[PDB]
Structure formats: C-alpha cells, structure tokens
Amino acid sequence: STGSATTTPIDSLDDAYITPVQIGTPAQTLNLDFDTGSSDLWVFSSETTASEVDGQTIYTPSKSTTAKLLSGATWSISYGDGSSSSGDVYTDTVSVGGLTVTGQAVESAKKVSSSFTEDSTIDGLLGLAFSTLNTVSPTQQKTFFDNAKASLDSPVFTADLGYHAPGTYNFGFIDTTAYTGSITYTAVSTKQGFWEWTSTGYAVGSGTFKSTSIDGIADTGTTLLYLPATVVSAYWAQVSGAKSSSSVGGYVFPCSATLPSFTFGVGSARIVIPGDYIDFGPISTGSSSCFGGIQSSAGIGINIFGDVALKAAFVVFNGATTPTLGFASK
C-alpha cells in the first residue's frame, strides 16, 4: 500500500504545515501537524476542556463506530517550545492520503496549553519520530508510520514541504518526479528516538564550504533551523545590522536586508536554503525588525533541522531495519 497527502502551510510565514487525516467511521477529518520530532498522534476532542478549544475541529469518539477506549491508558507530552497536552486514548481507524491503519492509538486531549488553543488551524499532531518516544502509559503505543510499515510497498515516508506553498507527505514510495538529481542517504541514530543524523558542514551565501560535523534531528514539527552558536554567528555576521536580541529571543535583522543563502552538507552533497526562506518577517506587526530563520541551538541541547532546512529538500525518512535519511535538491 501507499498513501499521499498534501500538506499546507498554516499561515503566510510557513510557521507549520497541516495535513488532513481521516479518523473513525464515518470519517472525521482533522488537520494535523505531522511532526518527525515526536511520536504521539493526539487530537483536540469532545473531551478537551471547553475553554481550551477555540476554533479547532474536534474528534468525537462517541460518533465513531470503530472507536474503542484503550482502557487505563493516559498520555502527557511537553514539546521543545514549552507547549503541552495530555489526556486519554482511543484506538480507531486512521487514514492518511488513502493509506489506512486500523487500531491506531488516537490520543484524545483533555488539556492543551495556551499555544495549542490559540492556533485554531492545528487540530492535533501526528508524530513520525520513533515509537520509543511515545508517551502513552502504561502501554507505549506505535506511531501511524510504525503501524503502517509492514503494509507499505517500501518502509519509507517522504516530506516535500513547500516554501509559501503546499507540499506533500508520501508513505510507502519515492516519487522520482518530485526531486532533481540524486538522493544522498546518510546514517541515522535512533538512540534519542529522533531522526538524528550528522551534517558534513555548511556555507554562508557564496562563501567557502566549512567541513564540520553537525549532529542534529530532522524535525518537521519545528519551524526554524537551530544550529550551534558558531555557525549561526557566522551566518548573521553577513547581514548588515543583524544582532541577537535577548528581548526578542533570537537573531533579528533589518527588514530592508537581502539575506544570503545557507548551505548544509549531506555527505558530499549540498542542500542550499535560499535567503528568502530565512526571513520570518516583522517581530511585531509593522516593525522594521525582522525575525531570523536560523537561530542558535545553545541551551536547547540539540541541533534541529526544522522546516526552514527541510523545505529546501526532498527528504526521505527510511524506516528499514537500519534507518537512514535521504536528501535531494528539488
């Protein structure tokens, strides 16, 4: 089997992407944030504290003829941005882009933190990291990918995120029309439950490539590119008037600037992030200070190749017995 679903930016900045997901019988379609940096499929629901729901579409298990309470199971998750959610668990039928899993754990939120309530466009998350990070207690649950894997034509999914445009998540096949050149594969460590890999270096604009190992995760659920402070300083030094602002919480730059590209290495291959991808716009409405899309990972404890990096590539998440990542230009 295979599946193919379009993923759509939630706003004009590509802060996140939403993908429709069919849950239950008859289908309830919710727009989920597919997150390769977490392992829970959780949804706003009929159980969510009413004051914490503001425009989201909710999953109502009582209206699904295939929903079953996973008795005694609870979940609770905290993300890198300080957001959180928790609740109980149902099993149900879940379909993505025509690919169906029966008996998927669907984590029903009783509580969500303010950042979820305030984002009316995201109805929940669908985790695509390794199932070792799933938070369901006392019986850990599998991701949608892990449950689908054995049925797939190939044990892979691909992320093809758009810049200010829709893109695609495919399950079970490589679309050889969706990228240019060849795919370069690189080793993954699953030791922390993430799609963790080592980039071979970087360049700033038309500058020389610096060969240096940068361990990080491929995380579709993180907006920005978080790299070591040396790398990030080197990048922003090439933008007149850019500075790190403790008050704003990262590097800002004059909105009048033209940003340089940023290149990252994947083995001997190179993925170029155009400068425009690094502009996250005014820090507040009408400001002439703009927020940068490359930020320091210092204090986060891991480098994160989030959407700013991933949307410059066609990315293969290879879930074979020895997982690997693939990157192609597109």
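Quick note: we count residues from 1 along the sequence shown, nothing fancier.
When the C-alpha B-factors of 243 to 251 and 210 to 218 are averaged, 243 to 251 comes out higher. Look at the C-alpha B-factors of 19 to 27 and of 314 to 322. On average they run higher in 314 to 322. Taking the PDB entry at face value, the top CA B factor among 192, 198, 238, 230 belongs to 192.
When the C-alpha B factors of 202, 226, 79, 171 are read from the deposited coordinates, the top value falls at 79. The PDB entry assigns residue 301 a C-alpha temperature factor belonging to the highest third of its chain's modelled residues. For residue 329, the recorded CA B-factor ranks within the middle third of the chain. Only modelled residues enter the ranking. When the modelled residues of the chain are ordered by C-alpha B-factor, residue 293 sits in the lowest third.
Residue 150 sits in the highest third of its chain by CA B factor, as recorded in the PDB entry. Among the modelled residues of its chain, residue 119 has a C-alpha B-factor that falls in the highest third, as given in the PDB entry.
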